[PDB]
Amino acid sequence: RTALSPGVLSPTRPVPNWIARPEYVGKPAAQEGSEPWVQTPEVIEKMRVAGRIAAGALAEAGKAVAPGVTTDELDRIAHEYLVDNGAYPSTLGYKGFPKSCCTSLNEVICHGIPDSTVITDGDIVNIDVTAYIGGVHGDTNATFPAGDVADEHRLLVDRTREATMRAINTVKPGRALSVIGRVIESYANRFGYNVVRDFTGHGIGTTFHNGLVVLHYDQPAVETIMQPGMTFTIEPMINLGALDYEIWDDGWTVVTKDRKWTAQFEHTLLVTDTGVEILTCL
């Protein structure tokens, strides 16, 4: 189709009052960035719940991706899943973000705002859902095809899923955190793709972005070694075209400047005593 432009947002969706809000709702910023990177066993138990719920909501929204649906509808479906399972949608009110997930079509790198945009045949759409429950967060995203997607776009989506999975498989106690982005970027560059730098994965736990940064490109200056009980996301955004990007007037939606398409996948991971566990499985 043509380059995307913003549509119209629906009103704020209410959350039942008994579901606890993260502290950052309504505030300019969150109290995050200095929390421990290794979680207690009690928080890891709570994060398995949050991760399962976020994974259910992402799958339920994903089922609705089809030509003719709006991105606003994918948000209604994710929102209703979260609140029916007693979770707060962590994006809603983080730095004023106005919706309960991010929906990023085609050339949107990330942080697309669900709205009246209608998906058509051949689009790809990333849906990114985070659940807050039990005082902890779980964060996952995936790119879904709508209709008959062109080969070059189907391959970019399947290879971005593959790069994410190959990076997950490196996680274990003692591994250098920098191996994640060496594996992702070495694999993506086999095909001529370019791995986004300015947006990264992150530690997550009782806070959304806890100060730990997970890079998806090769950066051996990072000295961090993975520890049992560390929790973080791997969420590479991979571009067909160049890395240059622009931000829309809403101050959220990030688009490639050349309008070439881009895909992303994300899980929340636990470093176990021997390897890795995906917490955002249902």
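Each residue number is its position in the shown sequence, starting from 1.
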query: Mean C-alpha B-factor comparison - 151-159 and 137-145, higher one; finding: 151-159
query: Out of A54, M226, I234, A242, residue topping the C-alpha B-factor column of the entry; finding: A242
query: Maximum C-alpha temperature factor, selected from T120, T207, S178, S90; finding: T120
query: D273 CA temperature factor, ranked by third within the chain; finding: highest
query: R182 - which third its CA temperature factor falls in, relative to the rest of the chain; finding: middle
query: Chain-wide C-alpha B factor ranking for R166, given as lowest, middle or highest third; finding: middle
query: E80 - which third its CA temperature factor falls in, relative to the rest of the chain; finding: highest
query: Chain-wide C-alpha B factor ranking for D115, given as lowest, middle or highest third; finding: middle
